[PDB]
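See structure below.
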Amino acid sequence: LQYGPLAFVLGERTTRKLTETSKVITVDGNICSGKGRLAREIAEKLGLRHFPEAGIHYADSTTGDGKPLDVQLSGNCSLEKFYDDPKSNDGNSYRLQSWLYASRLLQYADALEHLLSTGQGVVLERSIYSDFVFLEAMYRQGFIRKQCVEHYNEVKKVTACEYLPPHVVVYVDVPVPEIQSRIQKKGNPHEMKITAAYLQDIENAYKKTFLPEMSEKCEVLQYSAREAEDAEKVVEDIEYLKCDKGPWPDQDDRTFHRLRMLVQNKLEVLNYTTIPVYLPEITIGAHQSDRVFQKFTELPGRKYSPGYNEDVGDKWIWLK
Amino acid sequence: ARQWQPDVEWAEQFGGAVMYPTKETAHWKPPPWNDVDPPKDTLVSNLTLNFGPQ
Amino acid sequence: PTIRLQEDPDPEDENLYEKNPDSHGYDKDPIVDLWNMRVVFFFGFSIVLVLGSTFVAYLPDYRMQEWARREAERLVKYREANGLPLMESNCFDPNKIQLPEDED
Amino acid sequence: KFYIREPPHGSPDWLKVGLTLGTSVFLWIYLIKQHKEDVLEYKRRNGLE
Amino acid sequence: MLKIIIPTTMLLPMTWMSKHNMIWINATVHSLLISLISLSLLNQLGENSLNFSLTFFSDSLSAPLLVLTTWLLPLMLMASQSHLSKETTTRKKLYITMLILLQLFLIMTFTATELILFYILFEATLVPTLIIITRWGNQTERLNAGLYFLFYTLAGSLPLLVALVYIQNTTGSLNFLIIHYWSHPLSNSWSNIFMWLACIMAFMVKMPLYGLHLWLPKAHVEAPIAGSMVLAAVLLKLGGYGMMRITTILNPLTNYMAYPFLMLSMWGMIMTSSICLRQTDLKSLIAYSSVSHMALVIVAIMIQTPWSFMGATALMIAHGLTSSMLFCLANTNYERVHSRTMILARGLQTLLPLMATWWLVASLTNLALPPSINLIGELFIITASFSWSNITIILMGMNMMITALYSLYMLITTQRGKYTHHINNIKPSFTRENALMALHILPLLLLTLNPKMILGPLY
Amino acid sequence: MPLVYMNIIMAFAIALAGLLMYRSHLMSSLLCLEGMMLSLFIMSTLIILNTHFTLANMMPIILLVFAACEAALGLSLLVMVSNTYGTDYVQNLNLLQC
Amino acid sequence: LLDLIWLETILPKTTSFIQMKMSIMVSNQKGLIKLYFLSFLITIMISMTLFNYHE
Amino acid sequence: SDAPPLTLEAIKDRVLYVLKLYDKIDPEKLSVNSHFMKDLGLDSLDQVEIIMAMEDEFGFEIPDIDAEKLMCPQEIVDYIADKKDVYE
Amino acid sequence: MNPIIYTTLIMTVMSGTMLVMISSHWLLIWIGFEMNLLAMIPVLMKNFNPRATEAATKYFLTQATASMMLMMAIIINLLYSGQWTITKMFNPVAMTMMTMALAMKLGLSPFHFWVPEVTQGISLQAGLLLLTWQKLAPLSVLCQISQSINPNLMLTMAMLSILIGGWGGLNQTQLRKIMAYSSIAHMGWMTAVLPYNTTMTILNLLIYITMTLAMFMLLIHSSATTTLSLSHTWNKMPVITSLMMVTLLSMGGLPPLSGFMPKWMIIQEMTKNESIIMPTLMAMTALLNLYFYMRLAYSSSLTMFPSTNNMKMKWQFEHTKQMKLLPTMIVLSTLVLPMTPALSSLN
Ligand SMILES: CCCCCCCCCCCCCCCCCC(=O)OC[C@H](COP(=O)([O-])OCC(O)COP(=O)([O-])OC[C@@H](COC(=O)CCCCCCCCCCCCCCCCC)OC(=O)CCCCCCCCCCCCCCCCC)OC(=O)CCCCCCCCCCCCCCCCC
Ligand SMILES: CCCCCCCCCCCCCCCCC[C@@H](O)O[C@H](CO[C@H](O)CCCCCCCCCCCCCCC)COP(=O)(O)OCC[N+](C)(C)C
Ligand SMILES: CCCCCCCCCCCCCCCCC[C@@H](O)O[C@H](CO[C@H](O)CCCCCCCCCCCCCCC)COP(=O)(O)OCC[N+](C)(C)C
Ligand SMILES: CCCCCCCCCCCC(=O)SCCNC(=O)CCNC(=O)[C@H](O)C(C)(C)COP(=O)(O)O
Ligand SMILES: Nc1ncnc2c1ncn2[C@@H]1O[C@H](COP(=O)(O)OP(=O)(O)O)[C@@H](O)[C@H]1O
């Protein structure tokens, strides 16, 4: 049965499933750092569910078939062209940033739902509390306008306040020259154009805003470049953490009920992402919106509800 | 060559707090997107008491 | 961006004669176009127009025009033969009309 | 095809479908019986037959 | 008469169950068949009407209107499929649904035996028309036009409703037959004057009367071609039909309550005919032409004589056909050049000769050339007005000149002279447009052949 | 009517006018509400005693009970208002217009 | 002069202007309970003096 | 509506009025271009008090820097206009 | 709030309404009103925020004042006639005070100011409850004491309600305030026919409740509280906007929609008595409500407004919670006029 007030009235309580390994974990770091590998090793060692960093096509991976859709029908933004022309006059940069924030919000909702439904811990790469640093890096470099920052702040203020911050924040420090060396040795021809000022802005935003304000909610585990490959030592450091200072211990059954009703029903999660603030970078005309929506509705498994599309092999429709 | 449809300028007529703005209501602001006003810093001062010496 | 919004450009109009030199102006698909023309011409001119005009032209006389003419001929013959006036100023017999007693 | 469970599977929920058809048929036969008895009572009260 | 009503309600799901590329063919074929079926209502009696049931009846005044409506639906379908080619299937089906619902409401309106039912249907006709105008119109004025189309109607019709129910609480019946047989004279009191005004103003604003006509140019200019067709050819005749029906209970108050409306009708007929002489918009010229002709019809109905009623009926039928043809002719040029200015595309007789012939025939019929039914109606109305008062022959005569002028003006502006040099996108006329013109014009002369079918019950 | 009845009616009218005309404090308006309740209690008791309506003698008590509920309700609301503004002023309740 | 100005001025434009003015008059309230509770007091007195006194 | 759109002339009038209310400045010798230290003969502390008087008058706070270099009434007017974004 | 506590509070609200509806004793009706207010106050503050607290405080003050006037009217009636049964209200001053108190409870003009504020300050579900269920009890009492009403005062308040509803709703961009002003106008319509026929009042109330339920469920389904946020729905689910437009047309009273049936019937009823001028003015004034319904229909269904990019993400998800009574409510709101004579079953 679908979770709701009825399941809460008789039986279901979230507090009982929490077994000292709930522990929402995020592993933050600058561009091209080995935060992903550390996250996978932490999840493997502690037996938690690992969530790869949410990209442009994260929402596609969870609906219908997990394969991504066309960029015209999903995202409508490019990271490659953001690297090529960060100061483009078609609003690609802030469109990408807003879409990425929406994707991160959806991923955080999914992780919270899984944790509250099964009691198993989760490990995320970045979070909605960390996305803003990239926005800041876009603003100092002149890639986006100030109105875009105001719109981002409005959306974040109305959205991110409804959830619980992660239990423990893991941050990996890599100096900018080493990051540039890693980028040069990588080979992706679009990331060679990342100037050192952009990475310096990202690191400045991280170390000056995110870590201080996140440390007030809960302690932060910082690791240099060399002491992140030893994932066993990192896990054993995480395990002996005294987590009794954040909002998490102050959560009872009814608050968990509210949060669990919030995390499912993804439309309510994404409600305030499309607020009617008309920025040229994200506002789309009526003709283009109509054409793109008609294009989207013609996809093989999208015209009807999930179980009612006979063109992808749905049977017994006339009795469902 | 195609049908006219509303644009941002047309849509912005309906985004204010009231229709037909006047001089008095030009400073009314629309409610927050969620119905949550930001908390005012109405600090309450505690009582200061002398305990002793007498 | 110096722009106001993301919008498609206004597209140029399509000429139906380019892909179909004999296009009849009904549809872009030549077969559906030809059959739309055929049904319009058959059911508009052949069926409704000519047959409907023939049906209207031969509608039976429910307005009783010929009957009225024959009745008038009978009445004229009778009243002329017996010397009565052809018409009377009163269409109702005064014997069945009861005027008010007092006019003063 | 769907990456998710899609709780409505290829087979329809047979309990709900059966309950729906049963309720509908019960309502229809109840209506027919009620109409028959109403007709009989009306004829008896007015003494047509 | 359900043999006509039910096939339209069947046109509805047939359109909604059709294959995506066969909607127009099915709709046009079955609409033509329904028109052929409705042709049988022309067989009328000489004494009373065709009383099919307690709800519906057919008379010698409503049968030509029903035939015109059922004949106009397929013409709208052909005239609409050009500019709706890029639309989605669902919206095309919705447009056809609006057209079918409008036809159904008009069919039920023209045959209702009851005045409250007539009011309900004659008011229900607004919703499909308003939706069509405000959804499928082209420019941003359409929204305003819809509002102008709506409230102008409702402010006239809501008082009528009150009057109607008041009558039903006094006489006990609003059935038209009982109302006719149990008719009694209206006294001369203020209450009777306001009851007369309430009963008359709705149909006078739907005509429209001069001074109350401001909604009509907006509605007929911003509407799509099918919307303009149905607004000009049928929806304006609701006022005339309703006035001819309701005037049976207003005597002898009309004898002196018609003076302001007669004065407005005559002087505003002159005024609108003059307005047609200086019009930069080709659609607005046709709209004001409709205003002038309907002013003539108002005069005919208001003077209350058998010849006037005959002429009024003939004029409504002829004006419907002629104005629909003129709107379609203007829409062809608009679709070619995407502009409504009359002096933009000139000298079109050189480029489109058969279209020029269609234009010539439409303009000749508009100026009431003998022996067209336009002339028959106009001449009957003029003779009745002359009997009413000999001085009217001045004003009427004035109109007869002015009409001709502006009519030929339009032709001389659009077909003669030299072609505009920079306009090079004028393709040859399609078979669809020529067939539309022919199906508009042939019934006109065919009815000229047998004119007693459109002369109404007073014949 | 005797003079006592009209005195009680005057007390009720005074309390009603006091509620309808707010100064600044919500507590004063709540006190005016309780005054209305007290006047209603006194008048109902006087009418019931005068006519010896025995079974209606329980009616004033019930009245008092629901008065308490209203009072409690009002006080509860006052608390929340204070917690939002540090004051119980009615000019702070102006977020919603007409 | 007539079609585009005065016929427009009298019937529709005057109606729209009057309705807009009355809408602005009616809907522009500050949301203070003090003011319209005072209005409630005035209304109650007016009702007891106008309609109630005449029975 | 809110307060009228304050202009440069009103700003200058208020600044001069506040300055002539200072008990240690003679009204006649004071002008819009008079330097506090040289023409008016005031050391740093009177300048601080004058800045605080401007703070009271216009209802906004001027830091130690910024206010440390307002040397005559014209600079105070310019600073107030720039902070309030007043161009007329 | 706990689901069990919420269910208990909702059931207590309905129990107070039923106690008002099934009692013959004035004290029990007053107790039902008190219980309804007591259980309703927390329901308005289910989602805690300053606006909800302000709405609850204003509602409590208004309803407590109204209940005190109610009890005073009961006591005056008892003083001039030792009766407790709800009947022809043997005293005129007590009846004037009763009419004023019930009008204040219903929100009739000029005691209308609290309705838009309270509707705007609470959530859509609480507004649904307040604008649909909270009208039953005062209207039931008014129906029970209809023979002793003063027609002048009642008709004045009804006409003022219609006028003020139209004029106030003309100026709104917030959907909740639009609903509140529509509610005020519809209460005016309901109370205009009350002195002449209570069956017409019940019919109008039923049709208004059906239409309001459909409107509020459509507004909850597409999470919009402003005009601009509603203008986005066409790019996410156009069927909802089309149904909303047809519902708005029905609320505007256009034939052949069912929203035409109440006013029509009321007009006819008011013409069976003499009463000619008042229905004409009433229809003229209802044209204003129709105007701003048409403006909403223009903004949401008949034209396409610009959208945002993030809406693409919303294309990939379906509505999770599903309202089972929405289709029936829409159908009853629109296609019900041909079944008009069935109103005989109401009396
Ligand atoms: C290509 C078109 C492009 C587009 C354009 C737009 C077109 C739109 C069309 C839309 C659809 C239209 C449908 C309308 C339906 C109308 C049908 C109808 O009602 O029929 C009525 C009418 C038939 O009357 P009826 O009531 O049915 O008959 C009653 C009697 O019982 C009968 O009397 P009877 O017992 O004597 O029998 C007579 C019988 C037989 O009588 C005879 O045979 C005798 C004739 C006399 C000859 C005698 C001597 C000749 C031979 C001598 C030598 C041989 C004999 C010896 C051998 C040895 C040789 C020496 O002949 C007839 O029945 C008449 C012919 C029937 C025609 C019907 C028309 C149907 C039209 C429907 C289709 C429309 C499309 C057109 C297609 C048509 C084909 C192209 O048809 C006519 O038109 C009659 C007109 C002929 C009269 C003469 C003209 C007089 C002119 C005077 C005016 C002068 C002024 C200038 C004006 C000039 C203008 C001409
Ligand atoms: C392209 C080039 C064209 C030019 C060349 C053309 C070649 C010649 C063709 C032209 C024909 C010339 C006309 C000459 C007149 C002959 C026809 C006439 O005699 O028929 C009339 C008959 O005409 C018909 O009655 C009129 C036709 C009805 C019109 C209905 C139109 C079809 C309906 C479509 C929808 C309508 C929409 C409008 C709403 C009302 C006779 O009337 P009536 O005096 O009785 O007959 C008495 C004898 N009867 C009764 C035994 C028959
Ligand atoms: C923009 C175009 C819109 C359409 C216009 C519609 C036209 C409506 C005009 C109504 C026609 C006549 C109305 C009343 C009939 C007579 C008018 C009156 O002038 O005649 C005299 C009336 O006498 C005086 O005039 C008294 C009436 C004066 C007050 C009326 C106000 C006129 C002001 C004009 C304002 C413009 C109205 C249109 C607003 C849009 C007759 O004397 P009397 O015998 O005693 O009255 C007859 C009735 N009896 C028998 C019961 C007694
Ligand atoms: C109610 C009464 C209570 C009284 C309490 C009083 C409290 C007294 C606290 C005093 C604290 C000090 O001494 S603080 C020490 C002050 N001494 C110095 O600064 C030495 C250098 N002198 C200068 O800089 C100039 O002479 C200067 C005077 C600054 C003028 O500044 P300008 O020329 O650049 O404008
Ligand atoms: N919020 C963001 N804004 C812009 N670019 C981002 C954002 N998040 C991730 N990226 C881009 O995604 C790319 C890979 O992400 P990253 O996690 O840093 O490397 P890796 O996948 O090796 O761990 C990088 O080029 C980074 O710039």
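Worth knowing before you read on, the calculation uses all heavy atoms, side chains too, and leaves out hydrogens, waters and symmetry mates. Proteins come first, then strands; the chains are lettered A, B, ... in the order of their sequence lines, and each starts at number 1. One-based numbering, in listed order, for ligands and for the atoms of each.
- Shown in contact with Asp131(A) at under 4.0 Å from a heavy atom are these atoms of ligand 5, numbered in order with element: 1 (N).
- Below 3.5 Å of separation, one finds an N or O of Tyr83(A) facing an N or O of ligand 5.
- Listed by first and then second residue, the side-chain hydrogen bond (donor to acceptor under 3.5 Å, both in side chains) pairs that reach into residues 435-450 of chain E are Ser324(E)-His440(E), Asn450(E)-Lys452(E), sequence neighbours excluded.
- Residues that satisfy the side chain to side chain donor-acceptor pair (under 3.5 Å) test with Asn92(A), not counting sequence neighbours, are absent from this structure.
- Those atoms of ligand 5 with a heavy atom of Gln97(A) less than 4.0 angstrom away are 1 (N), 2 (C), 3 (N).
- For atom 5 (N) of ligand 5, the nearest protein heavy atom lies under 4.0 Å away.
- Nearest protein heavy-atom neighbour of atom 20 (P) of ligand 5: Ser33(A) O, 4.8 Å.
- Residue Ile194(A) does not touch ligand 5, judged by heavy-atom distances below 4.0 Å.
- Within the 4.0 Å heavy-atom criterion, the part of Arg104(A) lying near ligand 5 is the side chain and not the backbone.
- Residue contacts with ligand 5 for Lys35(A) involve side-chain atoms from C-beta outward but no N, CA, C or O (heavy atoms, distance under 4.0 Å).
- Polar contact check, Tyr198(A) against ligand 5: no nitrogen or oxygen pair lies under 3.5 Å apart.
- With sequence neighbours left out, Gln222(A) forms a side chain to side chain donor-acceptor pair (under 3.5 Å) with no residue at all.
- For atom 22 (O) of ligand 5, no protein heavy-atom neighbour is found at a distance under 4.0 Å.
- In the vicinity of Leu79(A), heavy-atom distances shorter than 4.0 Å reach the ligand 5 atoms 5 (N), 11 (C), 12 (O).
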Return a table of N or O atom pairs, ligand 1 on one side and protein on the other, at distances under 3.5 Å, rounded to 0.1 Å.
residue	atom	partner	partner atom	Å
ligand 1	27 (O)	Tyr58(C)	OH	2.5

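- Contacts between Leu100(A) and ligand 5 below 4.0 angstrom, taking non-hydrogen atoms only, involve the side chain exclusively.
- At a threshold of 4.5 Å between non-hydrogen side-chain atoms, the residues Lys266(A) and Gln316(I) do not count as touching.
- The ligand atoms of ligand 5 that sit less than 4.0 angstrom from a heavy atom of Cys32(A) are 18 (O).
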